[PDB]
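K.L.:
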Amino acid sequence: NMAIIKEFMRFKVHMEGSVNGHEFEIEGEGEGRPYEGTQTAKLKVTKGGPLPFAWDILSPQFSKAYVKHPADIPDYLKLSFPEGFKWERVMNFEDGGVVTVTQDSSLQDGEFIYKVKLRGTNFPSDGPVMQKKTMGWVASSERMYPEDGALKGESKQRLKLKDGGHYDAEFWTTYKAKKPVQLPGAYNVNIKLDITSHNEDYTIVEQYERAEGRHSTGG
(Lines of atoms letter the chains of each structure in order from A and count residues from 1; the text may use other names and numbers.)
(Lines give C-alpha, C1' and ligand atoms only; values in the text may rest on other atoms or scores of the structure.)
Protein backbone atom coordinates (compact mmCIF):
# COMPACT_ATOMS: atom_id res chain seq x y z
CA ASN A 1 0.00 0.00 0.00
CA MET A 2 3.12 2.16 -0.03
CA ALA A 3 2.26 2.97 -3.67
CA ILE A 4 -1.55 3.08 -3.22
CA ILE A 5 -1.44 5.60 -0.39
CA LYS A 6 0.90 8.37 -1.54
CA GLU A 7 2.63 10.89 0.68
CA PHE A 8 0.23 13.58 -0.59
CA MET A 9 -3.40 12.61 -1.16
CA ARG A 10 -6.60 14.49 -1.95
CA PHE A 11 -10.16 13.49 -1.05
CA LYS A 12 -13.76 14.43 -1.91
CA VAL A 13 -16.58 14.10 0.58
CA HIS A 14 -20.37 14.14 0.31
CA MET A 15 -22.50 14.29 3.45
CA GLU A 16 -26.25 14.02 3.64
CA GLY A 17 -28.01 14.28 6.90
CA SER A 18 -30.59 15.73 9.19
CA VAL A 19 -30.43 17.30 12.64
CA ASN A 20 -33.65 17.56 14.64
CA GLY A 21 -35.41 16.98 11.32
CA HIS A 22 -33.64 19.72 9.38
CA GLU A 23 -32.31 18.07 6.20
CA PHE A 24 -29.05 19.23 4.57
CA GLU A 25 -26.22 18.23 2.26
CA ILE A 26 -22.53 19.20 2.25
CA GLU A 27 -19.92 18.73 -0.48
CA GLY A 28 -16.23 19.24 0.19
CA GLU A 29 -12.69 18.55 -0.91
CA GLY A 30 -9.56 18.10 1.12
CA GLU A 31 -5.89 17.22 0.94
CA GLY A 32 -3.21 16.11 3.34
CA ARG A 33 -0.15 14.01 4.13
CA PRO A 34 -1.35 10.56 5.30
CA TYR A 35 1.93 9.53 6.87
CA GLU A 36 2.42 12.87 8.65
CA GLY A 37 -1.10 12.79 10.15
CA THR A 38 -2.19 16.19 8.81
CA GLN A 39 -5.04 17.26 6.52
CA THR A 40 -7.25 20.21 5.62
CA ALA A 41 -10.77 20.26 4.24
CA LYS A 42 -12.91 22.92 2.56
CA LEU A 43 -16.64 22.23 2.99
CA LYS A 44 -19.64 23.91 1.34
CA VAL A 45 -23.24 23.53 2.45
CA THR A 46 -25.13 22.66 -0.75
CA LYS A 47 -28.67 22.01 0.52
CA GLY A 48 -30.49 23.15 3.66
CA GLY A 49 -28.30 26.13 4.45
CA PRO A 50 -27.74 28.16 6.44
CA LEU A 51 -27.77 25.31 8.97
CA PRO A 52 -29.86 26.00 12.10
CA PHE A 53 -27.40 24.14 14.37
CA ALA A 54 -23.75 24.11 15.43
CA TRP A 55 -21.23 23.21 12.73
CA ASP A 56 -19.16 21.47 15.40
CA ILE A 57 -21.33 18.36 15.50
CA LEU A 58 -20.46 17.81 11.81
CA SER A 59 -16.78 18.57 11.85
CA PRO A 60 -15.54 15.19 13.21
CA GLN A 61 -17.13 13.35 10.32
CA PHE A 62 -15.17 14.83 7.47
CA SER A 63 -10.76 10.69 7.61
CA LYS A 64 -8.78 7.95 9.30
CA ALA A 65 -6.41 7.23 6.46
CA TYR A 66 -4.53 10.40 7.57
CA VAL A 67 -3.38 9.24 11.00
CA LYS A 68 0.35 9.08 11.62
CA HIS A 69 1.27 5.60 12.92
CA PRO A 70 4.58 4.31 14.29
CA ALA A 71 6.02 1.33 12.48
CA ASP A 72 5.10 -1.08 15.34
CA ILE A 73 1.35 -0.29 15.20
CA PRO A 74 -0.40 -1.78 12.13
CA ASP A 75 -2.11 0.95 10.14
CA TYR A 76 -5.26 -1.08 9.50
CA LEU A 77 -7.18 1.66 7.74
CA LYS A 78 -4.35 2.51 5.33
CA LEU A 79 -3.93 -1.21 4.65
CA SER A 80 -7.62 -1.46 3.69
CA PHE A 81 -7.04 0.43 0.40
CA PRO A 82 -7.67 0.45 -2.43
CA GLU A 83 -10.97 -1.20 -1.52
CA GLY A 84 -11.26 0.93 1.59
CA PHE A 85 -13.35 0.73 4.74
CA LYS A 86 -16.67 1.66 6.37
CA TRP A 87 -17.36 3.13 9.78
CA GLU A 88 -20.36 3.61 12.05
CA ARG A 89 -20.43 6.09 14.96
CA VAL A 90 -22.63 7.04 17.90
CA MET A 91 -22.11 10.41 19.65
CA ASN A 92 -24.14 10.79 22.86
CA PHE A 93 -24.19 14.30 24.29
CA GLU A 94 -24.68 15.11 27.96
CA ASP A 95 -28.07 16.87 27.40
CA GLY A 96 -29.57 13.92 25.51
CA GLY A 97 -28.64 14.97 21.99
CA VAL A 98 -27.59 12.01 19.81
CA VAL A 99 -25.79 11.85 16.45
CA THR A 100 -25.41 8.60 14.54
CA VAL A 101 -23.17 8.50 11.48
CA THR A 102 -22.27 5.96 8.78
CA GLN A 103 -19.45 6.42 6.31
CA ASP A 104 -17.91 4.65 3.32
CA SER A 105 -14.30 5.35 2.21
CA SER A 106 -12.91 4.20 -1.14
CA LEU A 107 -10.08 5.22 -3.48
CA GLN A 108 -10.93 6.23 -7.03
CA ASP A 109 -8.62 7.70 -9.69
CA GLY A 110 -5.98 8.29 -7.02
CA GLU A 111 -8.22 10.29 -4.67
CA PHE A 112 -10.10 9.17 -1.57
CA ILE A 113 -13.89 9.31 -1.86
CA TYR A 114 -15.94 9.66 1.33
CA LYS A 115 -19.68 9.26 1.60
CA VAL A 116 -21.28 10.21 4.91
CA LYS A 117 -24.83 9.84 6.26
CA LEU A 118 -25.72 11.59 9.52
CA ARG A 119 -28.75 11.72 11.81
CA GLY A 120 -28.88 14.07 14.80
CA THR A 121 -31.87 13.77 17.12
CA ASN A 122 -33.22 14.81 20.51
CA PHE A 123 -31.20 18.04 20.84
CA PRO A 124 -32.97 20.44 23.22
CA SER A 125 -34.29 23.43 21.31
CA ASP A 126 -32.68 25.54 24.14
CA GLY A 127 -29.35 23.76 24.13
CA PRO A 128 -25.97 24.87 22.72
CA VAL A 129 -26.20 22.88 19.51
CA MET A 130 -29.53 24.28 18.30
CA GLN A 131 -28.62 27.74 19.68
CA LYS A 132 -25.16 27.72 17.96
CA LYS A 133 -23.20 28.41 21.18
CA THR A 134 -20.34 25.97 20.63
CA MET A 135 -16.77 27.09 19.95
CA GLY A 136 -14.84 24.02 18.82
CA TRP A 137 -13.60 20.71 20.26
CA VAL A 138 -10.83 20.49 22.77
CA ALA A 139 -7.94 18.23 21.83
CA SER A 140 -8.87 14.64 22.45
CA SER A 141 -7.62 11.06 22.53
CA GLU A 142 -9.45 8.08 20.97
CA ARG A 143 -8.74 4.73 22.66
CA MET A 144 -8.56 2.04 19.95
CA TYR A 145 -8.88 -1.75 20.29
CA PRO A 146 -9.64 -4.69 17.98
CA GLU A 147 -12.90 -6.59 18.52
CA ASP A 148 -14.89 -9.10 16.39
CA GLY A 149 -12.71 -8.52 13.34
CA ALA A 150 -13.00 -4.74 13.31
CA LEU A 151 -11.19 -1.75 14.91
CA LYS A 152 -13.19 0.03 17.60
CA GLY A 153 -12.55 3.44 19.07
CA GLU A 154 -14.01 5.21 22.11
CA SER A 155 -13.46 8.70 23.41
CA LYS A 156 -14.73 11.33 25.79
CA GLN A 157 -15.06 14.60 23.91
CA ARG A 158 -15.68 18.20 24.98
CA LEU A 159 -16.98 21.28 23.14
CA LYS A 160 -16.07 24.73 24.39
CA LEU A 161 -19.02 27.12 24.73
CA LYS A 162 -19.44 30.88 24.15
CA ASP A 163 -20.28 31.32 27.83
CA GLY A 164 -16.89 29.90 28.96
CA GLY A 165 -18.36 26.49 29.91
CA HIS A 166 -18.20 23.13 28.24
CA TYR A 167 -20.51 20.58 26.67
CA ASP A 168 -19.49 16.93 26.81
CA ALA A 169 -20.07 13.87 24.64
CA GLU A 170 -19.03 10.24 24.43
CA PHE A 171 -18.09 8.83 21.02
CA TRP A 172 -18.16 5.17 19.97
CA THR A 173 -16.99 4.19 16.49
CA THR A 174 -16.50 0.87 14.69
CA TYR A 175 -14.16 0.85 11.66
CA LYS A 176 -14.21 -2.16 9.34
CA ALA A 177 -11.95 -2.81 6.36
CA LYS A 178 -13.58 -4.20 3.20
CA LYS A 179 -10.97 -6.98 3.07
CA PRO A 180 -9.18 -8.84 5.87
CA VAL A 181 -6.12 -6.85 6.78
CA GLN A 182 -4.05 -6.85 9.94
CA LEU A 183 -5.62 -5.32 13.05
CA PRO A 184 -3.51 -3.53 15.65
CA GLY A 185 -3.47 -4.09 19.39
CA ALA A 186 -4.87 -1.39 21.66
CA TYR A 187 -3.37 2.11 21.29
CA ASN A 188 -4.37 5.79 21.49
CA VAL A 189 -4.93 8.34 18.72
CA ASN A 190 -4.35 11.95 19.77
CA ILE A 191 -6.41 14.39 17.70
CA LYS A 192 -6.57 18.13 17.28
CA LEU A 193 -9.44 19.39 15.10
CA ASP A 194 -9.63 23.14 14.30
CA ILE A 195 -12.01 25.30 12.33
CA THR A 196 -9.50 27.52 10.53
CA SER A 197 -11.92 29.79 8.66
CA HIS A 198 -15.63 30.18 8.02
CA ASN A 199 -18.07 32.63 6.61
CA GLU A 200 -20.70 34.38 8.72
CA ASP A 201 -23.40 31.69 8.43
CA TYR A 202 -21.05 28.66 8.27
CA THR A 203 -22.11 27.77 4.76
CA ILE A 204 -18.40 27.79 3.76
CA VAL A 205 -16.00 26.24 6.34
CA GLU A 206 -12.34 25.15 6.35
CA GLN A 207 -10.93 22.64 8.88
CA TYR A 208 -7.50 21.37 9.82
CA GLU A 209 -6.82 18.14 11.67
CA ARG A 210 -3.68 16.55 13.12
CA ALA A 211 -3.87 12.93 14.34
CA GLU A 212 -1.19 10.54 15.58
CA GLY A 213 -1.26 7.05 17.11
CA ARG A 214 0.85 6.40 20.21
CA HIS A 215 1.15 3.80 22.91
CA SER A 216 1.52 6.61 25.54
CA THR A 217 -1.42 8.12 27.55
CA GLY A 218 0.70 11.09 28.62
CA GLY A 219 0.29 14.85 28.37
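Note that the numbering used here has the sequence shown beginning at 204, numbered continuously upward.
From the three backbone atoms N, C-alpha and C, an ideal C-beta is built for every residue, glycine too.
(1) Go to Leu280, then tell me how far its alpha helix (DSSP H) extends in each direction, as first and last residue.
(2) Taking only the alpha-carbon atoms, compute the straight-line gap between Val270 and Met333 and give it to the nearest angstrom.
(3) Three or more C-beta pairs closer than 8 Å, one from the stretch 343-352 and one from the stretch 301-309: is that the case here?
(4) By Cβ distance, which residues of its chain are closer than 6 Å to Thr241, with the 5 residues on each side in sequence left out?
(5) At what residues does the beta strand (DSSP E) containing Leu362 begin and finish?
(6) Provide the residue(s) that pair with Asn391 in DSSP beta bridges, ordered along the chain.
(7) Which value, in whole angstroms, describes the spacing of the CA atoms of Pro349 and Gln385?
(8) Tell me, please, which residues DSSP counts as bridged to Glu412.
(9) Would you decide whether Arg292 is buried or exposed? Buried here means 16 or more other CB atoms lie within 10 Å of its CB.
(10) To the nearest angstrom, report how far apart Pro383 and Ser283 are at their CA atoms.
(11) Starting from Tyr317, trace the beta strand (DSSP E) both ways and give me its first and last residue.
(12) Please state whether the Cβ-Cβ distance between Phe315 and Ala268 is less than 8 Å.
(13) Run through DSSP, which three-state label would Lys336 get?
(14) Hey, would you say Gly299 sits closer than 8 Å to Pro327, going by beta carbons?
(15) Touch check for the stretch 391-406 and the stretch 250-264: three-plus C-beta pairs under 8 Å?
(16) For a quick check, are the C-beta atoms of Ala244 and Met294 less than 8 Å apart?
(17) Should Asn393 go down as buried or exposed, given a rule of 16 or more other Cβ atoms within 10 Å for buried?
(18) Can you tell me where the beta strand (DSSP E) with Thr303 in it begins and where it stops?
P.N.:
Let me lay it out:
(1) Start and end: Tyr279 to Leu282.
(2) 31 Å
(3) Not touching, per the Cβ criterion.
(4) The answer, listed in chain order, is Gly235 and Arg413.
(5) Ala353 to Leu364
(6) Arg346 and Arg417
(7) 10 Å
(8) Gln242 and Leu396
(9) buried
(10) 8 Å
(11) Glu314 to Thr324
(12) yes
(13) coil
(14) yes
(15) yes
(16) no
(17) With 16 or more other Cβ atoms within 10 Å, it is buried.
(18) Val301 to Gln311
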